[PDB]
Structure formats: C-alpha cells, structure tokens
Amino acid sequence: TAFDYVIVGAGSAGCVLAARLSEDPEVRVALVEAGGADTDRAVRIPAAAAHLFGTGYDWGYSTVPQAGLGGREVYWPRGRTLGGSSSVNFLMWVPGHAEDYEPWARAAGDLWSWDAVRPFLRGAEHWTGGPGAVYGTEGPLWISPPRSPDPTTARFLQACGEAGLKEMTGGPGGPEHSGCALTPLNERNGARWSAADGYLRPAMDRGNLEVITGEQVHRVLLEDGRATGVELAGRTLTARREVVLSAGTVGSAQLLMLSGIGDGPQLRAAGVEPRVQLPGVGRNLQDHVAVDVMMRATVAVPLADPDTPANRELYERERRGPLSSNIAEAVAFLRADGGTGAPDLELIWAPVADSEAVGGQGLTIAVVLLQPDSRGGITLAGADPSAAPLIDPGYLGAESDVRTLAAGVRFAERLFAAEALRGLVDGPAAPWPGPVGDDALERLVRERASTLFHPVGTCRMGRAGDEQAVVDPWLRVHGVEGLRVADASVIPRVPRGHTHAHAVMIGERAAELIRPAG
C-alpha cells in the first residue's frame, strides 16, 4: 500500500510527526509501529510505569559487558507500543538548558540554535500549574505539578536549600543554572499524558492517516539513490515522498545499518550488503548514568507499597494519593566544581528505595552524570532484522565521569546529612553501603552506576563535509534522497535534561522542516 510519507516508530517524535504531517488532507501518512495499542492499566497509572519492564511493552535490550562497570551488562528498557518510550517512561518533563544547543548549532548551524528550537519546545507544552513557570500554555502535552507529592519531598527541597541550591521559580529549563524543584509531569488529571494521547489520538480519525501496529520494519528499500519504502515481514509500504525513521536511538540506527547505510566494512562483516557509505551510523552514542544513594527511612514510605485498596479508592475517586506519583518527584541541578555556569550533575529524589533489606522503605537520591565524556556505539550482531543490535555505551570509559559521579555522591550525602533530611533516615539501605572513603567511592561508583534511560546520538546531525554526520541540518540522511531521521538519535550531545522533551521537540521541528507552515 502506497503513501506519501511512511513514518517508522510511534514514539515521542513519530507520534508528533504523524499528527503534524496528516494535518494536510491531501497527503497520506503511514505510521508503522512494532508494538500494539497502549491499552494496559500500568501505562495510565504514574506509579506503575516500572512494572512495564520486561513486558510486551518493552523491547528489553541489554548492553554488552561494560569494562568501565567491571564487566556488568546494563538493562536497556525501551517502549514498544503506541507512544513508544513516552508510554513507559517516568513522566518527567525536564527540558534541559539553553546552552545545550551550542554543540547542536556548532554541528548543524543556526537552524539548531536555542533561539530556533525554543518555540518548538514551548509549543509542545500546556502547563496546568501556577504562573511564573517557563513552560508553554497552549501545546498538545499537558505538563502538571504533582497532585499528591510525598511529605518527604518538601524536606528534600528544604535540604537542597540548606546546601545552597534554591528552589527554581520557573521550574527546570528556566534561566537558573543551579537549583531544585518539584518535577514537572507529563500528566493530565493524575494519569499519564503521552505523545500518543497528545498528538496521535486526536489525529486518528483522519482519513489520510493509517496507524499500523504489530509490524516491525526490517529495512528501508533504496532504489536509484532514494528511499522508496520500507519492508515489513510480509509486505512493503511505499512512500512517494519520504520515509522518516522515528525508531529512536536504537531502532533508527539499526534500520539504517540493515538497509546498507553505514560503515561498509562493518556492514559487510555483519552479513549486510553496503549501499551508502555513512560511517557515523551507530556512533557517538551517549547516555546519562546514575548512582542511587539509598538510605533506610525512619518514617512511613507510601511509595514502597502504593497499590493498596485505600490508594486505589482515592485514585479512582480523586486521582490523588501514591498511585498519582511518578516516584521521581523532585530534581536538583549543580556543578561538581561548585562553579556558576551550566550544571554537570542532577540529583533526583525518589521517596522509595529499591532495597529488599528494608522492604522498599527507604529514600533515594539518584546522582546523575549530565555531561559524560564517555562515548559508545551500536553495531549489528548480524543481518537478521529481528535480532537485537550490539549496544556498547562505553560507560565510565572516561575517568573524569567517575570523578564527577563521586562528587555528586558526596553532595547527595551532604543532603542526607542536612537538618531537613537527617531525621528521616537511619543508615544506608543495602546494597547501598553508605559513606566510604575516596578510593572506595570510585570503585563503588563503577559497581553501582546504571543507565538513566536517555540514549542519544547514533544518527547525529551535521553539515555536509562532516564525515561522521548521519543526517544534514534538515534531518536528511546524507547521500540518500527522500529519507530522514527524526528522534533522539539525531541529537549531537546528550542534554542537561530528560530526553522525551527533546524527542518531541525534534518531531515538531522535523514536521516544519518537511512541510513549512503557510
């Protein structure tokens, strides 16, 4: 079946692009998604998101053994349903810092400066909270303050205050380089509001949009230097105008390589026929890494066991109580060196502990390396389109990353030692060992660090002439006509924020690049 545009992947970016491109009734748009409809309860309920790990809603990737982590493999959940990862994520809308775009503008020009992207980002947002927030007030994605924050969360913010991190008046993504805040949420009335909710669903009555679920794309079909369609298991979808890969940091890169687009020698070694030499495909992989500082609680921890009759009754009646929590209720930003300037550390407050020793009754500060120097890549394991690719982030390959995380763990410890928090905790929650000496701390970081689910950069944007660029500033794959990538893969440098915002923004930006308004 024949379309004008074939979009692969109904995720953060792909939902936006399907909705936007189908706004013109004279173009026919296909949105092709490996997963099914987002129908399960645990998709809707903020507190339930982590229960989707290892389910049909999750691709369930893992990294290769990581030398920087002592040989550990790291689990890589990815959403596999309408809305993609926006349907399984932790609902945090934490859109990053204006300076994050300096390396994008360096790579791809003023099209990708902050001034250019800002309206697209603000345009995605509909803030439901108090005035003075930085967020937009008219976009498809409802952004809300928490309905029922844990009582300890105010204490975390007070502790931050005591340690010189003041509360941000606009929320994260404001002018303040340093500070703390309640997490802005992708929630409407206490339930998830995903890209499928905000963008896709309103568009699905359109006669010119076909949403095709349950279909993993195997490769892009190339003919005479142009993408002509995509191959599913049993049939081909044709595109008269463009194929747009929105399959994310894993899937977009894997699909390029499976199509013969990438480094010819490596593709040959994986059993794939090279078609377009583009060595940057799968390279420049970046991700946030976090270490959880977990303490045993001396107070009630509702989020340790949120799914109870009482909480279900309150959620049903009022959409309040623990089930309305995304768990990661507050954030703080700082520099390891204590300077002014853009943050290189984030602290995430979760009033729970992943610790069986205390039955979950603990409190966590996740310490986040926002600007890793480590880099990795994704390659094919072989030519089977159903096989997972080989994911090697190179976590903690750079020793500076270890030192930065060590500094952040010291700061988290400082917070738990603060007047506002120390009364709430009594020792560490195993397997967090609590305070250790300097050398021990470096080893502990390597033993405990894990993904924070923000992988980017495998289909990096850049100007013609930049040998490891994958797409151009208009998101067109270099050396192919009628083929674009629009998702988190194109990001040159991992931001100082959580990447759902960036993916949505790229979706919006891509739609305007492909079909300018007016």
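One-based numbering along the sequence shown.
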- May I ask you to compare 69-77 and 82-90 by their mean CA B factor in the entry and name the higher one? 69-77
- Item | Average Cα temperature factor in the PDB entry - higher stretch of 247-255, 234-242 | 234-242
- Task: Report the option among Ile365, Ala330, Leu424, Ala191 whose CA atom has the maximum B-factor in the deposited record.
- Result: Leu424
- Going by the entry, which of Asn326, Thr298, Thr183, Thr153 has the most elevated CA B factor? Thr298
- Message: Can you tell me whether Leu513 has a C-alpha B-factor in the lowest, middle or highest third compared with the other modelled residues of the same chain?
- Response: highest
- Could you tell me which third, lowest, middle or highest, the C-alpha B-factor of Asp439 occupies within its chain? highest
- Item | Chain-wide C-alpha B factor ranking for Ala195, given as lowest, middle or highest third | lowest
- Query: Comparing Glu26 with the other modelled residues of its chain, is its CA B-factor in the lowest, middle or highest third?
  - Reply: highest
- Task: Would you check the entry's CA temperature factor for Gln277 and let me know if it's in the chain's lowest, middle or highest third?
- Result: middle
